[PDB]
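For reference, the structure is listed below as structure tokens.
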Amino acid sequence: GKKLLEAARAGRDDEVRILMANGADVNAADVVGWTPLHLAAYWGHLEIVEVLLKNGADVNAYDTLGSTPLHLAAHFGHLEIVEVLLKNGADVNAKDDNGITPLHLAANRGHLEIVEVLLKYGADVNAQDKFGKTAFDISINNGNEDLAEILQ
Amino acid sequence: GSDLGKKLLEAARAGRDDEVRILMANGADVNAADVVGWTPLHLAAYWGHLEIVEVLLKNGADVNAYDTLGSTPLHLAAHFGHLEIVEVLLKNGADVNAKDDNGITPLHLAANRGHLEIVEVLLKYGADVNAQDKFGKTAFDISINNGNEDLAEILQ
Amino acid sequence: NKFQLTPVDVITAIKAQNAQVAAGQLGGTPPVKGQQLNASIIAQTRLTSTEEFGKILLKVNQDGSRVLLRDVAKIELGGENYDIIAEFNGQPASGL
Amino acid sequence: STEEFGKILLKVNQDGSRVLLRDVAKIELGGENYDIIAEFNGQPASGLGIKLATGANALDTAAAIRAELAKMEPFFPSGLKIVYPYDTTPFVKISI
Amino acid sequence: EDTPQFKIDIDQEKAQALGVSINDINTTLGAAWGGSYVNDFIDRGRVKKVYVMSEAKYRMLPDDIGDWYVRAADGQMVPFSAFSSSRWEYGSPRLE
Amino acid sequence: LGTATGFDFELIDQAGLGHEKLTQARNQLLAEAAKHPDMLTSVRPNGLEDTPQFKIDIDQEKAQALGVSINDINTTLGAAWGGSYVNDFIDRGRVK
Amino acid sequence: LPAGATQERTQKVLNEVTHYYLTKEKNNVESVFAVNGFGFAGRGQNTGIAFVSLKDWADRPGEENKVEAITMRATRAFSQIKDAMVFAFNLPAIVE
Amino acid sequence: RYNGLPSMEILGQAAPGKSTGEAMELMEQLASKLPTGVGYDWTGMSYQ
Amino acid sequence: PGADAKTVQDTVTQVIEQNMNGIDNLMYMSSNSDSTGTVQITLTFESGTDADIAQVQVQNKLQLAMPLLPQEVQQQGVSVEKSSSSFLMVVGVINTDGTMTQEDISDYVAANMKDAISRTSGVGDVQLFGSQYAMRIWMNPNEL
Amino acid sequence: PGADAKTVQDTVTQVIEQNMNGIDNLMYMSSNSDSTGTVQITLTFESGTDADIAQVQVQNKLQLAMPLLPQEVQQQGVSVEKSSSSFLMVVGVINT
Ligand SMILES: CCCCCCCCCCCCO[C@@H]1O[C@H](CO)[C@@H](O[C@H]2O[C@H](CO)[C@@H](O)[C@H](O)[C@H]2O)[C@H](O)[C@H]1O
């Protein structure tokens with residue numbers, strides 16, 4: 001499974017293939033709680049995210065700070081991966097230890113397409129973080145008008 | 001002041017036993033003092049010259065001389081850990097409870113530097129364990145502040 | 001003036017909010033033996049864009065209203081100084 | 001000394017009790033850093049890794065280093081000993 | 001290769017609301033987890049450094065962050081957890 | 001060239017012995033030299049002997065109880081008794 | 001070792017390296033001076049270096065007992081160390 | 001201080017009819033009997 | 001102290017590098033900024049370049065950057081050295097009575113041996129394999 | 001200004017001395033720290049050393065030690081000069 005965490009990070013589709021077909025834990029977690037899915041989501045490896053989920057990867061796995069792969073994908077603007085994760089039952093309103101949601105993150109980075117998908121899947125627009133901020137609050141603060149209008 | 005007085009102040013400080021010997025034979029002023037009011041006995045006590053301390057006392061030195069800030073040779077001996085000098089001074093009438101201008105006693109000074117044997121000698125000669133300096137501190141207060149548990153035990 | 005602020009307040013906020021902080025490490029030396037994790041802690045980093053400078057928070061009003069730097073200033077990339085302007089055959093240019 | 005640092009007075013409480021540095025910290029002589037730890041043949045050691053200044057003579061410099069080390073040895077604490085784990089210069093002298 | 005690092009965001013607005021200075025926040029964080037060279041002292045006749053830093057056991061775990069308190073203007077002690085949020089990310093341990 | 005006949009010797013504290021012990025060893029050396037008039041003449045220190053100095057202790061507790069800062073105390077003392085270079089002015093076209 | 005690796009893990013790998021020279025190269029190796037936390041990087045929790053001194057050429061007769069064959073055998077044995085890059089090598093005539 | 005360590009400089013000369021080398025050799029002899037941790041060096045005209 | 005690699009680069013390395021110009025005989029320049037809080041900048045010169053002048057010219061430019069560096073960096077001491085990259089030798093120090101720990105010996109070496117060696121002509125750079133003692137104040141957040 | 005010998009030695013002289021490394025052709029170094037608030041450190045070089053190069057190397061190591069010195073010493077400045085004892089002449093100026 002240590003082989004899997006690494007292969008997942010490097011986006012070695014073929015290698016994930018084996019290890020997979022040799023029964024490596026698909027939900028293997030590293031020192032910070034990241035699974036192979038967190039890693040593929042972060043580094044933008046769509047094909048590996050797909051395989052992983054097809055092999056029973058916990059889609060709502062969370063790291064030691066309560067963050068899920070959907071958080072990572074939404075934050076780093078991986079639209080494809082966001083769609084795939086949601087289609088596989090990713091909790092759209094997942095909150096990390098800070099009360100931060102994938103919607104908060106996408107909104108912060110101004111990822112418009114992604115923000116729309118999340119909403120599509122029923123992301124709660126009024127969800128507040130620990131500081132009581134909504135994605136709307138964020139869009140306003142960043143002076144992002146195209147985004148603020150949507151959150152409406 | 002006198003020339004022999006100056007020579008005695010210097011010999012006492014440097015621990016030149018023999019020169020002191022000769023100076024005593026020639027009547028060098030044992031009560032000479034420099035600008036800060038230190039006598040040959042102050043110097044000998046500070047620098048730890050035991051034999052000179054004893055010679056000076058035999059030649060009529062003032063055991064309780066005080067400098068311009070009110071400090072005595074017992075203060076000095078106690079502060080710098082000269083145990084046998086401390087004992088000799090006390091044997092010769094040194095004021096065990098002498099306060100300098102700051103209200104500091106020889107006991108305060110020995111406690112401050114953690115000189116356990118000197119502390120015991122001072123208590124043996126009647127040192128006042130409850131004496132307070134100008135800030136209201138006792139030897140015990142000093143011991144705890146320094147975190148000296150052995151000393152704190154003794155002063156209980 | 002409207003917000004009861006000065007350039008002193010602007011300068012103070014920029015220093016506080018455009019900052020690059022040495023924040024140390026988790027599991028750094030000397031560690032508790034048996035420690036498995038060693039990671040840098042990343043706190044504030046320098047701002048990188050006019051957008052980021054514009055949302056520097058100068059103060060919030062009693063009614064929770066926020067005064068952002070962009071509310072008292074125009075924010076833009078522009079020359080460190082504006083004293084030198086060259087032309088090549090009458091056309092805007094730079095040079096060395 | 002650690003004793004002196006320990007009694008640094010941080011504050012006096014409302015009731016006149018004292019808060020000393022030693023009340024909020026452990027106080028000890030310890031390295032500026034704790035990153036570098038050496039062993040010689042498996043035992044505790046320290047050492048100096050020396051690099052030659054540009055253009056300097058390797059053999060002359062090594063002789064001056066040894067001459068300086070020899071001035072230090074007689075004042076070592078008991079048991080302290082210089083060892084010679086790595087030297088590029090003997091090969092030069094011997095091969096010549 | 002890049003490695004996991006711990007990203008902490010100080011919330012400016014919350015800090016302002018609670019009256020905690022950014023300088024106190026950054027010094028507390030940095031001194032505790034990174035260490036701080038304060039000034040010099042004399043060790044057996046030689047000038048050497050004085051360092052303040054958290055004892056090892058309080059700077060090993062992410063959860064330890066919220067055990068550090070800063071004093072606000074109104075004299076109240078406020079935990080890091082009240083004005084910050086954190087997340088894991090990747091970054092470089094060595095930039096060429 | 002000093003004297004053709006003269007020598008220039010340095011006594012050295014090799015082990016953090018401190019000023020007083022160095023002084024004692026110096027004196028021990030000078031006393032022995034003085035017993036060889038047949039070989040050594042005018043063996044003497046080049047420098048200065050210790051002198052009385054006025055040691056003043058600031059009571060931190062009392063300062064804190066009175067609300068007097070150590071910094072005001074120490075600059076008041078140093079500026080008054082030792083003098084303090086404040087800044088520069090211009091006296092007939094020359095900075096002083 | 002990979003960045004993120006601990007000083008304790010680096011020590012374990014260094015112990016293996018030292019052990020190898022002390023037991024499998026008894027006839028060739030005079031001493032090993034190993035340093036945890038320093039490499040040509042330099043500093044880091046995840047790096048180390050061992051300086052190795054060989055017995056005199058006269059006691060090392062034969063190709064198999066010269067540096068090239070020793071370093072080659074060593075690297076080969078060390079290749080079977082998990083999660084670390086460890087290799088012995090002879091310096092060139094002129095690195096430059 | 002001398003070469004970075006606390007020090008005290010001592011001047012003197014060879015007695016009449018005596019070489020400075022001889023005087024220096026004695027000083028070294030005497031210096032060898034001083035308390036533990038006390039060393040010495042020659043500087044200036046003597047260094048040469 | 002306590003800086004991550006990007007903080008070192010963006011607050012120290014870039015600043016010094018931007019001041020490195022008008023230096024004679026420079027072939028190239030390279031640098032590492034790391035999460036130990038350390039920067040090393042190496043300037044390599046044409047064969048035959050007088051190293052004394054190269055060092056003087058580098059430092060004249062460095063001193064223009066110095067005031068722009070964080071106070072904590074200036075206080076650690078920045079250094080400019082002219083030495084080979086490889087070690088000439090390693091002088092090791094042990095205690096045969098086993099009566100001094102690794103930390104004790106390192107402090108002894110740092111405090112009593114290192115400076116005189118570092119001052120010796122021909123010695124371009126000295127690395128201590130260990131660390132000099134400091135007074136360590138180890139804070140406890142609970143008590144604070 | 002106003003410093004006693006020990007204050008000068010322990011905040012100025014030792015710090016400067018500790019930084020007099022990597023300078024070519026040094027024979028020895030000596031210093032006096034005195035109660036007039038003054039320090040002089042003299043570095044003497046091998047005969048044949050280029051005096052200008054010796055001086056610039058010294059000045060350059062000092063420059064890098066300046067941030068370690070007390071503020072009031074940085075304010076007075078630290079002079080680095082070629083040492084000479086011969087005067088061509090002394091012109092006195094008096095008022096009669
Ligand atoms: C027919 C005559 C042959 C020899 C004549 C000698 C003439 C002058 C020689 C002087 C210069 C060096 O001479 C030579 O140096 C080397 C280096 O230490 C030594 O040669 C070496 O012996 C063994 C093996 O050969 C080495 O492992 C060792 O390192 C070294 O001692 C020799 O013992 C010495 O004789």
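Residue numbering restarts at 1 in every chain; chains get A, B, ... in the order shown in the structure tokens, and ligands count up from 1 in that same order.
Near ligand 1, the residues found within 7 Å are residues 94 of chain D; 56, 57 and 58 of chain G (criterion computed using only C-alpha atoms and all ligand atoms).
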Residues as selected, C-alpha atoms, written as a PDB file, in the first residue's frame, can you do that?
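For reference, out-v4.pdb as written:
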ATOM      1  CA  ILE D  94      53.430   9.373   0.271  1.00  0.00           C
TER       2      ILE D  94
ATOM      3  CA  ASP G  56      47.775   1.275   4.721  1.00  0.00           C
ATOM      4  CA  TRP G  57      48.166   0.146   1.105  1.00  0.00           C
ATOM      5  CA  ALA G  58      50.708  -2.490   2.204  1.00  0.00           C
TER       6      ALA G  58
END
For chain F against chain H, which residues fall within 9 Å using only C-alpha atoms, given as a PDB file with N, CA, C and O atoms, in the first residue's frame?
ATOM      1  N   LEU F   1      61.127  47.457  17.267  1.00  0.00           N
ATOM      2  CA  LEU F   1      62.205  46.510  17.566  1.00  0.00           C
ATOM      3  C   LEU F   1      62.340  46.208  19.061  1.00  0.00           C
ATOM      4  O   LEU F   1      63.088  45.310  19.456  1.00  0.00           O
ATOM      5  N   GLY F   2      61.617  46.958  19.888  1.00  0.00           N
ATOM      6  CA  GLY F   2      61.771  46.856  21.325  1.00  0.00           C
ATOM      7  C   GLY F   2      63.246  46.887  21.671  1.00  0.00           C
ATOM      8  O   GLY F   2      64.036  47.509  20.966  1.00  0.00           O
ATOM      9  N   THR F   3      63.623  46.218  22.755  1.00  0.00           N
ATOM     10  CA  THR F   3      65.026  46.117  23.129  1.00  0.00           C
ATOM     11  C   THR F   3      65.607  44.831  22.571  1.00  0.00           C
ATOM     12  O   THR F   3      64.963  43.783  22.620  1.00  0.00           O
ATOM     13  N   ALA F   4      66.816  44.912  22.021  1.00  0.00           N
ATOM     14  CA  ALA F   4      67.600  43.711  21.775  1.00  0.00           C
ATOM     15  C   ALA F   4      68.083  43.297  23.151  1.00  0.00           C
ATOM     16  O   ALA F   4      69.038  43.870  23.678  1.00  0.00           O
ATOM     17  N   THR F   5      67.390  42.327  23.737  1.00  0.00           N
ATOM     18  CA  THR F   5      67.597  41.944  25.128  1.00  0.00           C
ATOM     19  C   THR F   5      66.242  41.692  25.783  1.00  0.00           C
ATOM     20  O   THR F   5      66.141  40.905  26.728  1.00  0.00           O
ATOM     21  N   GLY F   6      65.210  42.366  25.269  1.00  0.00           N
ATOM     22  CA  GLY F   6      63.872  42.282  25.826  1.00  0.00           C
ATOM     23  C   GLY F   6      63.068  41.138  25.237  1.00  0.00           C
ATOM     24  O   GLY F   6      63.366  40.638  24.147  1.00  0.00           O
ATOM     25  N   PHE F   7      62.053  40.697  25.967  1.00  0.00           N
ATOM     26  CA  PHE F   7      61.175  39.656  25.448  1.00  0.00           C
ATOM     27  C   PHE F   7      59.728  40.040  25.721  1.00  0.00           C
ATOM     28  O   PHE F   7      59.457  40.921  26.540  1.00  0.00           O
ATOM     29  N   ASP F   8      58.806  39.397  25.019  1.00  0.00           N
ATOM     30  CA  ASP F   8      57.407  39.796  25.055  1.00  0.00           C
ATOM     31  C   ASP F   8      56.566  38.530  25.159  1.00  0.00           C
ATOM     32  O   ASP F   8      56.411  37.795  24.188  1.00  0.00           O
ATOM     33  N   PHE F   9      56.043  38.273  26.353  1.00  0.00           N
ATOM     34  CA  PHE F   9      55.498  36.962  26.701  1.00  0.00           C
ATOM     35  C   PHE F   9      54.008  37.118  26.970  1.00  0.00           C
ATOM     36  O   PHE F   9      53.573  38.126  27.546  1.00  0.00           O
ATOM     37  N   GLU F  10      53.219  36.135  26.549  1.00  0.00           N
ATOM     38  CA  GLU F  10      51.781  36.169  26.797  1.00  0.00           C
ATOM     39  C   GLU F  10      51.367  35.012  27.690  1.00  0.00           C
ATOM     40  O   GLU F  10      51.603  33.851  27.349  1.00  0.00           O
ATOM     41  N   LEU F  11      50.725  35.317  28.814  1.00  0.00           N
ATOM     42  CA  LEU F  11      50.141  34.263  29.649  1.00  0.00           C
ATOM     43  C   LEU F  11      48.687  34.062  29.211  1.00  0.00           C
ATOM     44  O   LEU F  11      47.949  35.026  28.998  1.00  0.00           O
ATOM     45  N   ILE F  12      48.265  32.812  29.067  1.00  0.00           N
ATOM     46  CA  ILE F  12      46.980  32.546  28.421  1.00  0.00           C
ATOM     47  C   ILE F  12      46.055  31.630  29.214  1.00  0.00           C
ATOM     48  O   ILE F  12      46.462  30.573  29.708  1.00  0.00           O
ATOM     49  N   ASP F  13      44.805  32.047  29.332  1.00  0.00           N
ATOM     50  CA  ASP F  13      43.773  31.234  29.967  1.00  0.00           C
ATOM     51  C   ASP F  13      43.224  30.231  28.953  1.00  0.00           C
ATOM     52  O   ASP F  13      42.427  30.594  28.068  1.00  0.00           O
ATOM     53  N   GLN F  14      43.652  28.974  29.081  1.00  0.00           N
ATOM     54  CA  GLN F  14      43.351  27.939  28.087  1.00  0.00           C
ATOM     55  C   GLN F  14      42.127  27.108  28.423  1.00  0.00           C
ATOM     56  O   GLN F  14      41.796  26.159  27.693  1.00  0.00           O
ATOM     57  N   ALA F  15      41.448  27.444  29.514  1.00  0.00           N
ATOM     58  CA  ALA F  15      40.425  26.533  30.022  1.00  0.00           C
ATOM     59  C   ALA F  15      39.294  27.220  30.760  1.00  0.00           C
ATOM     60  O   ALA F  15      38.689  26.639  31.665  1.00  0.00           O
ATOM     61  N   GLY F  16      38.990  28.447  30.363  1.00  0.00           N
ATOM     62  CA  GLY F  16      37.891  29.177  30.967  1.00  0.00           C
ATOM     63  C   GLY F  16      38.123  29.366  32.457  1.00  0.00           C
ATOM     64  O   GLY F  16      37.171  29.321  33.244  1.00  0.00           O
ATOM     65  N   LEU F  17      39.380  29.582  32.848  1.00  0.00           N
ATOM     66  CA  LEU F  17      39.698  29.777  34.269  1.00  0.00           C
ATOM     67  C   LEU F  17      39.135  31.102  34.803  1.00  0.00           C
ATOM     68  O   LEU F  17      38.730  31.177  35.958  1.00  0.00           O
ATOM     69  N   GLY F  18      39.103  32.143  33.971  1.00  0.00           N
ATOM     70  CA  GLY F  18      38.599  33.433  34.419  1.00  0.00           C
ATOM     71  C   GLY F  18      39.705  34.383  34.849  1.00  0.00           C
ATOM     72  O   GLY F  18      40.848  33.972  35.088  1.00  0.00           O
ATOM     73  N   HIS F  19      39.353  35.662  34.951  1.00  0.00           N
ATOM     74  CA  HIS F  19      40.305  36.742  35.182  1.00  0.00           C
ATOM     75  C   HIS F  19      41.088  36.600  36.496  1.00  0.00           C
ATOM     76  O   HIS F  19      42.303  36.810  36.532  1.00  0.00           O
ATOM     77  N   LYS F  21      41.796  33.925  38.437  1.00  0.00           N
ATOM     78  CA  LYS F  21      42.754  32.830  38.411  1.00  0.00           C
ATOM     79  C   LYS F  21      43.928  33.103  37.472  1.00  0.00           C
ATOM     80  O   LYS F  21      45.057  32.717  37.752  1.00  0.00           O
ATOM     81  N   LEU F  22      43.666  33.777  36.358  1.00  0.00           N
ATOM     82  CA  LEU F  22      44.741  34.140  35.442  1.00  0.00           C
ATOM     83  C   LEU F  22      45.653  35.069  36.193  1.00  0.00           C
ATOM     84  O   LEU F  22      46.868  34.957  36.107  1.00  0.00           O
ATOM     85  N   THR F  23      45.061  36.005  36.928  1.00  0.00           N
ATOM     86  CA  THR F  23      45.860  36.976  37.681  1.00  0.00           C
ATOM     87  C   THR F  23      46.740  36.266  38.704  1.00  0.00           C
ATOM     88  O   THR F  23      47.919  36.600  38.856  1.00  0.00           O
ATOM     89  N   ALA F  25      47.855  33.186  38.607  1.00  0.00           N
ATOM     90  CA  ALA F  25      48.936  32.490  37.915  1.00  0.00           C
ATOM     91  C   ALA F  25      50.001  33.476  37.442  1.00  0.00           C
ATOM     92  O   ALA F  25      51.194  33.225  37.584  1.00  0.00           O
ATOM     93  N   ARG F  26      49.573  34.614  36.895  1.00  0.00           N
ATOM     94  CA  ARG F  26      50.516  35.672  36.532  1.00  0.00           C
ATOM     95  C   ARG F  26      51.416  36.007  37.721  1.00  0.00           C
ATOM     96  O   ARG F  26      52.641  36.041  37.587  1.00  0.00           O
ATOM     97  N   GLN F  28      52.065  34.312  40.430  1.00  0.00           N
ATOM     98  CA  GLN F  28      52.912  33.168  40.723  1.00  0.00           C
ATOM     99  C   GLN F  28      54.117  33.163  39.776  1.00  0.00           C
ATOM    100  O   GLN F  28      55.259  32.966  40.199  1.00  0.00           O
ATOM    101  N   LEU F  29      53.872  33.418  38.495  1.00  0.00           N
ATOM    102  CA  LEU F  29      54.960  33.473  37.522  1.00  0.00           C
ATOM    103  C   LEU F  29      55.944  34.599  37.837  1.00  0.00           C
ATOM    104  O   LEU F  29      57.158  34.389  37.810  1.00  0.00           O
ATOM    105  N   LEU F  30      55.424  35.789  38.138  1.00  0.00           N
ATOM    106  CA  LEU F  30      56.269  36.957  38.401  1.00  0.00           C
ATOM    107  C   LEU F  30      57.131  36.771  39.647  1.00  0.00           C
ATOM    108  O   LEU F  30      58.264  37.266  39.699  1.00  0.00           O
ATOM    109  N   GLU F  32      58.275  33.857  40.803  1.00  0.00           N
ATOM    110  CA  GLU F  32      59.360  32.928  40.483  1.00  0.00           C
ATOM    111  C   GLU F  32      60.435  33.591  39.621  1.00  0.00           C
ATOM    112  O   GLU F  32      61.630  33.401  39.857  1.00  0.00           O
ATOM    113  N   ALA F  33      60.017  34.371  38.625  1.00  0.00           N
ATOM    114  CA  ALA F  33      60.977  35.113  37.813  1.00  0.00           C
ATOM    115  C   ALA F  33      61.906  35.947  38.685  1.00  0.00           C
ATOM    116  O   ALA F  33      63.095  36.106  38.383  1.00  0.00           O
ATOM    117  N   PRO F  37      67.418  36.662  39.367  1.00  0.00           N
ATOM    118  CA  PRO F  37      67.997  37.927  38.888  1.00  0.00           C
ATOM    119  C   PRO F  37      69.211  37.681  37.991  1.00  0.00           C
ATOM    120  O   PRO F  37      69.590  38.542  37.188  1.00  0.00           O
ATOM    121  N   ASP F  38      69.801  36.499  38.133  1.00  0.00           N
ATOM    122  CA  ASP F  38      70.955  36.086  37.343  1.00  0.00           C
ATOM    123  C   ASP F  38      70.612  35.875  35.867  1.00  0.00           C
ATOM    124  O   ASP F  38      71.497  35.868  35.006  1.00  0.00           O
ATOM    125  N   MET F  39      69.328  35.693  35.577  1.00  0.00           N
ATOM    126  CA  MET F  39      68.890  35.395  34.221  1.00  0.00           C
ATOM    127  C   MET F  39      67.828  36.383  33.733  1.00  0.00           C
ATOM    128  O   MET F  39      67.835  36.785  32.571  1.00  0.00           O
ATOM    129  N   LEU F  40      66.926  36.778  34.628  1.00  0.00           N
ATOM    130  CA  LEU F  40      65.788  37.619  34.264  1.00  0.00           C
ATOM    131  C   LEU F  40      65.853  38.953  34.984  1.00  0.00           C
ATOM    132  O   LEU F  40      66.138  39.000  36.184  1.00  0.00           O
ATOM    133  N   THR F  41      65.573  40.040  34.270  1.00  0.00           N
ATOM    134  CA  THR F  41      65.474  41.332  34.940  1.00  0.00           C
ATOM    135  C   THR F  41      64.234  42.130  34.504  1.00  0.00           C
ATOM    136  O   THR F  41      63.824  42.082  33.342  1.00  0.00           O
ATOM    137  N   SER F  42      63.617  42.815  35.467  1.00  0.00           N
ATOM    138  CA  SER F  42      62.457  43.661  35.213  1.00  0.00           C
ATOM    139  C   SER F  42      61.282  42.908  34.578  1.00  0.00           C
ATOM    140  O   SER F  42      60.566  43.461  33.727  1.00  0.00           O
ATOM    141  N   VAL F  43      61.080  41.655  34.993  1.00  0.00           N
ATOM    142  CA  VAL F  43      59.916  40.887  34.559  1.00  0.00           C
ATOM    143  C   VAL F  43      58.661  41.487  35.189  1.00  0.00           C
ATOM    144  O   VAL F  43      58.515  41.503  36.411  1.00  0.00           O
ATOM    145  N   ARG F  44      57.760  41.993  34.347  1.00  0.00           N
ATOM    146  CA  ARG F  44      56.637  42.791  34.822  1.00  0.00           C
ATOM    147  C   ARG F  44      55.440  42.689  33.868  1.00  0.00           C
ATOM    148  O   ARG F  44      55.606  42.421  32.672  1.00  0.00           O
ATOM    149  N   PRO F  45      54.231  42.934  34.392  1.00  0.00           N
ATOM    150  CA  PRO F  45      53.032  42.910  33.537  1.00  0.00           C
ATOM    151  C   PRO F  45      53.012  44.159  32.682  1.00  0.00           C
ATOM    152  O   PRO F  45      53.487  45.208  33.118  1.00  0.00           O
ATOM    153  N   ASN F  46      52.481  44.072  31.472  1.00  0.00           N
ATOM    154  CA  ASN F  46      52.440  45.261  30.641  1.00  0.00           C
ATOM    155  C   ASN F  46      51.167  46.063  30.933  1.00  0.00           C
ATOM    156  O   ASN F  46      51.122  47.270  30.706  1.00  0.00           O
ATOM    157  N   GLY F  47      50.155  45.392  31.480  1.00  0.00           N
ATOM    158  CA  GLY F  47      48.844  45.994  31.683  1.00  0.00           C
ATOM    159  C   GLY F  47      48.530  46.550  33.063  1.00  0.00           C
ATOM    160  O   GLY F  47      49.432  46.932  33.814  1.00  0.00           O
TER     161      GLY F  47
END
Point to revise | Within 12 Å of residue J:54 using only C-alpha atoms, minus same-chain residues under 3 positions, as a PyMOL selection string | key: (chain I and resi 52-53+56+121) or (chain J and resi 20+22-27+42-51+57-61+80-83)
Review point. Any idea which chain E residues end up within 9 Å of chain D if we count only C-alpha atoms, as an MDAnalysis selection string please?
Key: chainID E and resid 37 41:44 49:51 54:55
Given the selection you just returned, output its residues as a file containing N, CA and C atoms, formatted as a tab-separated table (two decimals), in the first residue's frame.
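As written to disk, again17.tsv reads:
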chain	number	residue	atom	x	y	z
E	37	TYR	N	16.47	33.25	18.52
E	37	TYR	CA	17.74	33.71	19.10
E	37	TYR	C	17.48	35.07	19.75
E	41	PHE	N	24.76	35.35	26.11
E	41	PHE	CA	25.14	35.23	27.50
E	41	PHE	C	26.59	34.76	27.53
E	42	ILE	N	27.14	34.62	28.73
E	42	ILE	CA	28.54	34.27	28.88
E	42	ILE	C	28.63	32.93	29.57
E	43	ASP	N	29.16	31.94	28.87
E	43	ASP	CA	29.28	30.59	29.41
E	43	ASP	C	30.76	30.32	29.63
E	44	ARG	N	31.15	30.22	30.90
E	44	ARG	CA	32.56	30.01	31.23
E	44	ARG	C	33.48	30.95	30.44
E	49	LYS	N	25.02	32.01	22.61
E	49	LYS	CA	23.65	32.45	22.32
E	49	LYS	C	22.61	31.98	23.33
E	50	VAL	N	21.48	32.69	23.39
E	50	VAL	CA	20.32	32.28	24.17
E	50	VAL	C	19.16	32.03	23.21
E	51	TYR	N	18.56	30.84	23.29
E	51	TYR	CA	17.43	30.48	22.43
E	51	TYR	C	16.18	30.16	23.24
E	54	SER	N	9.71	26.07	22.13
E	54	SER	CA	8.84	25.17	22.87
E	54	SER	C	9.62	23.93	23.26
E	55	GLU	N	9.40	23.41	24.46
E	55	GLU	CA	9.89	22.07	24.79
E	55	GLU	C	9.37	21.12	23.72
Exercise for review: Pick out each residue of stretch 44-80 of chain D that DSSP on the backbone tags as strand (DSSP E); I need them as a PyMOL selection string.
Suggested key: chain D and resi 44-52+80
Check your understanding: Skipping near chain neighbours, those fewer than 2 positions away, what residues fall within 9 Å of stretch 66-78 of chain C using only C-alpha atoms, listed as a ChimeraX atom specification?
Key -> /A:141 /C:3,5,10,13-14,49-51,53-61,63-64,80-82
Distance table requested - chain G against chain E, cut-off 9 Å, only C-alpha atoms: one row per qualifying residue with the closest atom pair and its distance in Å to one decimal, ordered by chain and rising residue number, as JSON lines.
{"residue": "G:2", "atom": "CA", "partner": "E:1", "partner_atom": "CA", "distance": 7.5}
{"residue": "G:3", "atom": "CA", "partner": "E:3", "partner_atom": "CA", "distance": 6.6}
{"residue": "G:4", "atom": "CA", "partner": "E:3", "partner_atom": "CA", "distance": 6.4}
Exercise for review: Select all residues from chain A having any atom no more than 10 Å from an atom of chain E (counting only C-alpha atoms, ignoring ligands), output as a PyMOL selection string.
Suggested key: chain A and resi 31-34+42-43+63-67+72+96-100+129-131
Review point. Any idea what's packed within 10 Å of residue G:81, counting only C-alpha atoms, ignoring anything in its chain fewer than 3 positions away? Could you give it as a list in words?
Key: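 Result of the neighbour search: residues 13, 16, 17, 76, 77, 78, 84, 85 and 86 of chain G.
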Check your understanding: Which residues of chain I are close to chain C, meaning at most 10 Å apart when you count only C-alpha atoms, and how do they look as a list in words?
Key ->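 Here they are: residues 1, 2, 3, 4, 5, 6, 7, 8, 10, 11, 35, 36, 37 and 72 of chain I.
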May I have the selected residues written with C-alpha atoms, as a PDB file, in the first residue's frame?
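Ended up saving to result-v2.pdb:
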ATOM      1  CA  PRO I   1      16.009  30.007  11.864  1.00  0.00           C
ATOM      2  CA  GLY I   2      12.659  28.290  11.524  1.00  0.00           C
ATOM      3  CA  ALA I   3      12.104  29.335   7.873  1.00  0.00           C
ATOM      4  CA  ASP I   4      10.780  27.042   5.128  1.00  0.00           C
ATOM      5  CA  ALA I   5      12.469  26.871   1.733  1.00  0.00           C
ATOM      6  CA  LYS I   6      10.178  29.386  -0.007  1.00  0.00           C
ATOM      7  CA  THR I   7      10.510  31.890   2.803  1.00  0.00           C
ATOM      8  CA  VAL I   8      14.309  31.636   2.560  1.00  0.00           C
ATOM      9  CA  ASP I  10      11.800  34.940  -1.421  1.00  0.00           C
ATOM     10  CA  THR I  11      13.126  36.823   1.526  1.00  0.00           C
ATOM     11  CA  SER I  35      13.585  24.133   4.744  1.00  0.00           C
ATOM     12  CA  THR I  36      16.388  23.986   7.304  1.00  0.00           C
ATOM     13  CA  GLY I  37      16.307  27.778   6.900  1.00  0.00           C
ATOM     14  CA  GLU I  72      16.944  37.401  12.252  1.00  0.00           C
TER      15      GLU I  72
END
